[PDB]
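Everything in the sequence shown is counted per full-length UniProt numbering, starting at 12 for the first residue and increasing by one.
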Amino acid sequence: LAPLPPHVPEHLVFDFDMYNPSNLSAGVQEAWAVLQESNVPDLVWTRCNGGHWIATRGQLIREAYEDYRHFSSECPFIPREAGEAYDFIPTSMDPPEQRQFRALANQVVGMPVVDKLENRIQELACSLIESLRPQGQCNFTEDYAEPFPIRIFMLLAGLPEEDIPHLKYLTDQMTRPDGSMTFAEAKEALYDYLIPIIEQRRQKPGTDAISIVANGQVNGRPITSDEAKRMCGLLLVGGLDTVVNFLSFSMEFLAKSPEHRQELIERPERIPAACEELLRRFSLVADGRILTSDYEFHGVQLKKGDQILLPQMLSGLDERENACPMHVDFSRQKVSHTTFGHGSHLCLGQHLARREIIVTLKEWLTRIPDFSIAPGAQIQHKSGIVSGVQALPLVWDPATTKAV
Ligand code: HEM
Ligand SMILES: CN(C)c1cccc2c(S(=O)(=O)NCCCCNC(=O)[C@]34C[C@H]5C[C@H](C[C@H](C5)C3)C4)cccc12
């Protein structure tokens, strides 16, 4: 624990550890929910991980994300050293600078692009599932959750499939380091990989994501190689960790709820609604901002330079905006959440993600309508900037499956 700063009131202290919260064994969402019990203030200070603020209610979380003037993305991660080193684009920029870079990225992952890659998305899902179907078992996270999104990125970025193993490796070191290299090294390794492709597509442009970004213009002038690699880095990692883990949370729930499986099988038209409800219940991201100056927020004095965690995960779990928040109801009428963020940085891949989720639910239940958690298995969760599932062993009787 770090020594409490003089300007911080002792009665607002609540030492929550975002990387190792208590009661994690009861579920990661449930663990963060402790920040929402009646005896916990709307805004608290934890002495963990260097010391920082934490907004615990949807109201404050949304407000801080809207106000970039006071809450800057220049240092969006906790601990400070990590946020300071972070330089991906446009996640580490504030408007107006961010505006142009965000518009360019929107061109490679926006809705229009989704509708065009869908055949490959649906095709990829079916291929992956059919290959597992006969087995009667699988480790969902390793066998589907991971391969699905990374193959989608290779397609949109126009990269060859033989590069997946190496990219998977580099991305794994940027969140699950084995020791071979430290973030910075993996980043450079990634940049080393991207720079050549970028320079080459500058003169020989294709219709892929890299081509578009490489030939982009900002501030009336051509984007630099430095800016291009920093944007491409995000385009790669942005849709991995999030999708892999979200799909895992979703499948873990369905594996433990036969009635919900049956609901979607009998009422397929409800899958898009089911997707939104799962996004609320199993929200998983939590990054933050840094104070640009001294500022009084909701009766609390914030000091310039202070870091504040604004858990996107917590908004939809706030009992003040969603009744019985831990209950999953595909018929819930006013599903509110900030799972994809809020404000100027609202997730650009949100449309792609939903398509990935919906296609997955539809194609999996079509071929493997009945499945369960492997007997004796005890699912483990992990907590951080992007919380998730360690592994998810599933089992089923092939006799109940169907090839389509
Ligand atoms: C279940 C999946 C997803 C979730 C929960 C999610 C979540 C988020 C969140 C919360 C942010 C904003 C962070 C902040 O304000 O600092 C964001 C940003 C972003 N996401 Fe996603 N994401 C998902 C998938 C995707 C996908 C599929 C990609 C595509 C490569 C992607 C690309 C981006 C990009 C480009 C941004 C930065 C936008 C900006 O700074 O202007 N995301 N995402
Ligand atoms: C557990 N502790 C100690 C850590 C271990 C290893 C790396 C860490 C890092 S790190 O080096 O910055 N690595 C992780 C983050 C890099 C990849 N992800 C992204 O940019 C984001 C940017 C947006 C917000 C979320 C979700 C998605 C969009 C992708 C994160 C930060 C904080 C703690 C870390």
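From the three backbone atoms N, C-alpha and C, an ideal C-beta is built for every residue, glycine too.
Would the beta-carbon of residue i fall within 7 Å of that of residue j?
i      : j      : result
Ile276 : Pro409 : no
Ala13  : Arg58  : yes
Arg300 : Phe82  : yes
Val415 : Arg378 : yes
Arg73  : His353 : yes
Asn117 : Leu359 : yes
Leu325 : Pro336 : no
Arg291 : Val370 : no
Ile221 : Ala168 : yes
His392 : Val39  : yes
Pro160 : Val254 : yes
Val224 : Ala239 : yes
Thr350 : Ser261 : no
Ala200 : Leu170 : no
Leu54  : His309 : yes
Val397 : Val296 : yes
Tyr30  : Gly395 : yes
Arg131 : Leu166 : yes
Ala266 : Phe341 : no
So, helix, strand or coil for residue i, using DSSP?
i           : result
residue 422 : Here the chain comprises residues numbered 12 to 415, so residue 422 is not present and cannot be evaluated.
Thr182      : helix
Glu141      : helix
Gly399      : strand
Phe164      : helix
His271      : helix
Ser294      : coil
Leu128      : helix
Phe25       : coil
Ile175      : helix
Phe82       : strand
residue 7   : The displayed coordinates of the chain run from 12 to 415. Any statement about residue 7 would go beyond what the structure contains.
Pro20       : coil
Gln40       : helix
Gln47       : helix
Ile282      : helix
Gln133      : helix
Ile301      : strand
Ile384      : strand
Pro188      : coil
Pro14       : coil
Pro233      : strand
I'd like the span of the beta strand (DSSP E) that includes residue i, first residue to last.
i      : result
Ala200 : Per DSSP, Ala200 belongs to no beta strand (DSSP E); it is in the alpha helix (DSSP H), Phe194 to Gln214.
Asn256 : Unbroken run through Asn256 is the alpha helix (DSSP H), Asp252 to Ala266; no beta strand (DSSP E).
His63  : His63 to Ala66
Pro404 : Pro404 to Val406
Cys149 : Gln148 to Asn150
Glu307 : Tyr306 to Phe308
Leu54  : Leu54 to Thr57
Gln318 : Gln318 to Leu321
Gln312 : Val311 to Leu313
For my contact list, residue i and residue j are in at a C-beta cut-off of 8 Å; report their separation, rounded to the angstrom.
i          : j      : result
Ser259     : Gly399 : 6 Å
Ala385     : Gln148 : 7 Å
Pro279     : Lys373 : 7 Å
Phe99      : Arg212 : That pair is no contact at about 20 Å.
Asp78      : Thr186 : That pair is no contact at about 29 Å.
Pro101     : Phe112 : 4 Å
residue 11 : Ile163 : Since the displayed the chain opens at 12 and closes at 415, residue 11 lies outside it and no answer follows.
Cβ of residue i versus every heavy atom of ligand 4: is any distance shorter than 6 Å?
i      : result
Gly250 : Summarising the ligand content, the structure contains ligand 1 and ligand 2 and does not contain ligand 4.
Using a C-beta cutoff of 7 Å, does residue i count as contacting chain D?
i      : result
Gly121 : The structure shown contains no chain D; it is built from a single protein chain.
Which first and last residues belong to the alpha helix (DSSP H) in which residue i is found?
i      : result
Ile72  : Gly69 to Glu77
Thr377 : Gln361 to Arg378
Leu115 : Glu108 to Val120
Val248 : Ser236 to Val248
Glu95  : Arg91 to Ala96
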